[PDB]
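A.B. asks: Read top to bottom, the protein sequences are chains X and G.
Numbering follows the UniProt record's numbering, in which position 12 of the first sequence is assigned residue number 1060; successive positions increment by one, without gaps.
Numbering follows the UniProt record's numbering, in which position 21 of the second sequence is assigned residue number 876; successive positions increment by one, without gaps.
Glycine included, each C-beta is placed from N, C-alpha and C at the ideal position.
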Amino acid sequence: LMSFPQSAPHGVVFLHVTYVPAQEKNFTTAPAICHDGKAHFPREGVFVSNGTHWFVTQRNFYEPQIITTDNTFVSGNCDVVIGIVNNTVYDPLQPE
Amino acid sequence: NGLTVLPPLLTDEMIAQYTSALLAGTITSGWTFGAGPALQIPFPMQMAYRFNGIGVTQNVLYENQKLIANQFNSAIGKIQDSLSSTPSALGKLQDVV
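Structural data, given as structure tokens:
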């Protein structure tokens, strides 16, 4: 994250402030989601499964969010990606 | 005449075990094992993260994982053939000795 230098006789001391993760939990992951006949890949996150639903969260922190069109992009069909699962994709334009 | 060679502290077996442990951590945790706890992650996802880091979309990997694995196996085979054929691979260590 950042460092703070410190003076020392015939030397220097660095106070390295680092980010150490903790309290990790196991989750079920998937390579892509097949809802509208095509695959949906994460844009900046990763698909996770708590056992009954699927959510999108960042890599360095657990922040589950609803799978939306703004968080994923469409690329290719579904019969190419190995291990792709089927899950619904929320579209904010439909309720609007 | 007094010239005595002392063996190193870490033996070859310990070096091999360290190398195997580092390899296992790399293949099972990507880069998180060095910064903290070894978070398990599938290898096709570590490769996707690497491609996203180098500036390539992950769909290319999710579509050509088979071709990439074949190329990696062929590269490993060629490296082994070069190490078995070319004796000047460890020339630096040979010159040091």
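1) Using CA atoms only, rank isn't needed, just tell me which of X:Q1054, X:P1112 and X:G1093 is closest to X:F1121.
2) Hey, does X:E1144 have any beta-carbon neighbour from chain G nearer than 7 Å?
3) Quick one: is G:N928 near chain X, going by C-beta distance under 7 Å?
4) Using a Cβ-Cβ distance under 7 Å, would G:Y873 count as near chain X?
5) Mind pulling the chain X residues with CB within less than 8 Å of G:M900?
6) Given this structure, state the Cα-to-Cα distance separating G:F888 from G:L878, to the nearest angstrom.
7) To which residues of the same chain is G:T912 closer than 8 Å at the C-beta, ignoring the five residues directly before and after it?
8) Cα-Cα, which of X:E1144, X:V1104 and X:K1086 is closest to X:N1134?
9) Short check: CB of X:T1117 to CB of X:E1111, under 7 Å?
10) Is there contact here, the stretch 895-906 of chain G with the stretch 1072-1089 of chain X, by at least three beta-carbon pairs under 8 Å?
11) With DSSP run on the structure shown, which of helix, strand or coil describes X:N1098?
12) Counting only the same chain and skipping the five closest in sequence on each side, list residues whose C-beta sits under 6 Å from that of G:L938.
13) Can you list the beta strand (DSSP E) stretches of 3 or more residues lying completely in the stretch 1072-1139 of chain X, in chain order?
14) With a threshold of 7 Å between beta carbons, is X:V1065 in contact with chain G?
15) Spell out whether any CB of chain X is found under 7 Å from the CB atom of G:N925.
16) Could you check what DSSP says for G:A890 in three-state terms: helix, strand or coil?
17) List, in chain order, every chain G residue whose beta-carbon is nearer than 9 Å to that of X:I1130.
18) Our contact map puts X:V1129 next to G:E918 with C-beta atoms below 8 Å; I'd like the distance itself, whole angstroms only.
C.D. replies: In brief:
1) Residue X:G1093 holds the alpha-carbon nearest to the alpha-carbon of X:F1121 among X:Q1054, X:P1112 and X:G1093.
2) no
3) no
4) No, its Cβ sits nowhere closer than 7 Å to a Cβ of chain X.
5) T1077, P1079 and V1094
6) 11 Å
7) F906
8) X:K1086
9) no
10) yes
11) coil
12) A944
13) Fully enclosed beta strand (DSSP E) runs of 3 or longer: 1086-1090, 1094-1097, 1102-1105 and 1120-1125.
14) Any Cβ of chain G closer than 7 Å to the Cβ of X:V1065 would place that residue at the interface, and such an atom is absent.
15) By this cut-off, G:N925 is not an interface position.
16) helix
17) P899, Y917, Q920 and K921
18) Yes, X:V1129 and G:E918 are in contact; Cβ-Cβ is about 7 Å, under 8 Å.
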